[PDB]
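This report concerns only the one structure given below.
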Amino acid sequence: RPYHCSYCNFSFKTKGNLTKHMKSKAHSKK
Ligand SMILES: [Zn+2]
């Protein structure tokens with residue numbers, strides 16, 4: 001999908017959600 005984590009394979013539906021992943025201390029402060 002046009003929304004795949006920059007690490008995991010957590011495929012979201014929109015930027016808002018995907019951002020929620022990068023938002024938390026997941027792993028993408030870069
Ligand atoms: Zn991830």
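In the structure tokens, each chain is lettered A, B, ... as it comes, each chain's residues begin at 1, and ligands are numbered from 1 in order of appearance.
Neighbours of residue A:26 closer than or equal to 12 Å, with only C-alpha atoms counted and sequence neighbours fewer than 4 positions away skipped, come out as residues 5, 6, 7, 8, 10, 18, 19, 20, 21, 22 and 30 of chain A.
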Shell of 8 Å around residue A:13, only C-alpha atoms, local chain residues under 5 positions omitted, as a short mmCIF file (atom, residue, chain, number, x, y, z; two decimals) with N, CA, C and O atoms, in the first residue's frame:
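Contents of around-v4.cif, as written:
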```cif
data_model
loop_
_atom_site.label_atom_id
_atom_site.label_comp_id
_atom_site.auth_asym_id
_atom_site.auth_seq_id
_atom_site.Cartn_x
_atom_site.Cartn_y
_atom_site.Cartn_z
N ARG A 1 0.87 -1.21 0.00
CA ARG A 1 0.00 0.00 0.00
C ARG A 1 0.90 1.26 0.00
O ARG A 1 2.05 1.19 0.39
N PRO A 2 0.37 2.39 -0.46
CA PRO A 2 1.14 3.64 -0.48
C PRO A 2 1.53 4.09 0.95
O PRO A 2 2.04 5.17 1.14
N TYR A 3 1.27 3.24 1.92
CA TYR A 3 1.61 3.62 3.33
C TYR A 3 2.23 2.43 4.08
O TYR A 3 1.54 1.70 4.75
N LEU A 18 -0.33 6.32 9.33
CA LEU A 18 1.14 6.05 9.19
C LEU A 18 1.90 7.01 10.11
O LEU A 18 2.79 6.61 10.83
#
```
